[PDB]
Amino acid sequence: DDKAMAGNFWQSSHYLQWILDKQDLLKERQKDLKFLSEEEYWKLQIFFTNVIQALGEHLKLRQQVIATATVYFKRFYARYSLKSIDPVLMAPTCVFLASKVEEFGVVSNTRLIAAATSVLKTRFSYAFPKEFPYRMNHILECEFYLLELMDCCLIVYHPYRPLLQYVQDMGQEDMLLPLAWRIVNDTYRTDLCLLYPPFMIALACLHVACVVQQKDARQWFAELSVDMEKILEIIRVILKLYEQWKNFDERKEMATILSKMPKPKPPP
């Protein structure tokens, strides 16, 4: 058995439309950088990446659904501003839609909202004093805006499948996989998934996993056939994020940072 469109990545809508050029991404970001510093924008990305992981965990969705919900979120705000739709509303909308795409079903109108409300209250009260203000009609409306901006591109490929295939090939699943898998999770704190094919991210995470546990895989890697200059770019971003992580007190800074986000203009 196997999953639908598993080996179609190179003719996929992910590849053909949603691997963006970095310069275009940072250009459209300059809208929100008049209200936030470079540092503060990436801290938000991490924060809402944690919001999405917690929601997915409360709902008991598998890791593949959480990653798809995250990529939708990134896709949206890669193109449009933080003022456009409240990211408090977008995050549970991304999990909702992703859960329908990965074939786990419609989350109940009661369950999705109780999920949103309980997770912001319990795990995120430091950034959110007030209870979750949105109801299911706001979710349904947002979902409609989400599907439009993505040009109905729903199938998302991730690094977890090729990561398992490489580590099987190494013969080291017990030794290297648990850690490499965890580094893949962490990459979602960054723009990587909009800039590199998922297999290349996989290799980079596998490489950091090898350095960490001191396993020599010099020749295995050189025996592969890929632009290593690209894999080195990714490895640099992964190493970078672990220094960002270290210096960032999500809990002691996010309420101030959230207050600086641009405001959704209301009707007159």
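Here the rigid core means the biggest group of C-alpha atoms that line up within 1.5 Å when the two forms are laid on top of each other. For every residue, the number given is its place in the sequence shown, counted from 1.
Where the structures in 8 other deposited structures of this protein are fitted on the rigid core, 6-14 is the one of 6-14 and 240-248 whose C-alphas sit farther from the shown form on average. In 8 other deposited structures of this protein, superposed by the rigid core, the C-alpha atoms of 104-112 lie farther from the shown form than the other of 117-125 and 104-112. Note on 211-219 vs 65-73: mean CA B-factor is higher in 211-219.
For the two regions 171-179 and 191-199, the entry's Cα B-factors average higher over 171-179. Out of 136, 142, 155, 91, it is 136 whose C-alpha atom has the highest B-factor in the PDB entry.
Remark: residue 260 belongs to the highest third of its chain, ranked by C-alpha B-factor as recorded. In the PDB entry, a CA B factor belonging to the middle third of its chain's modelled residues is recorded for residue 161.
When the modelled residues of the chain are ordered by their C-alpha B factor, residue 37 lands in the middle third. When the modelled residues of the chain are ordered by C-alpha B-factor, residue 132 sits in the middle third. When the CA B factors of the chain's modelled residues are split into thirds, the value for residue 226 lands in the highest one.
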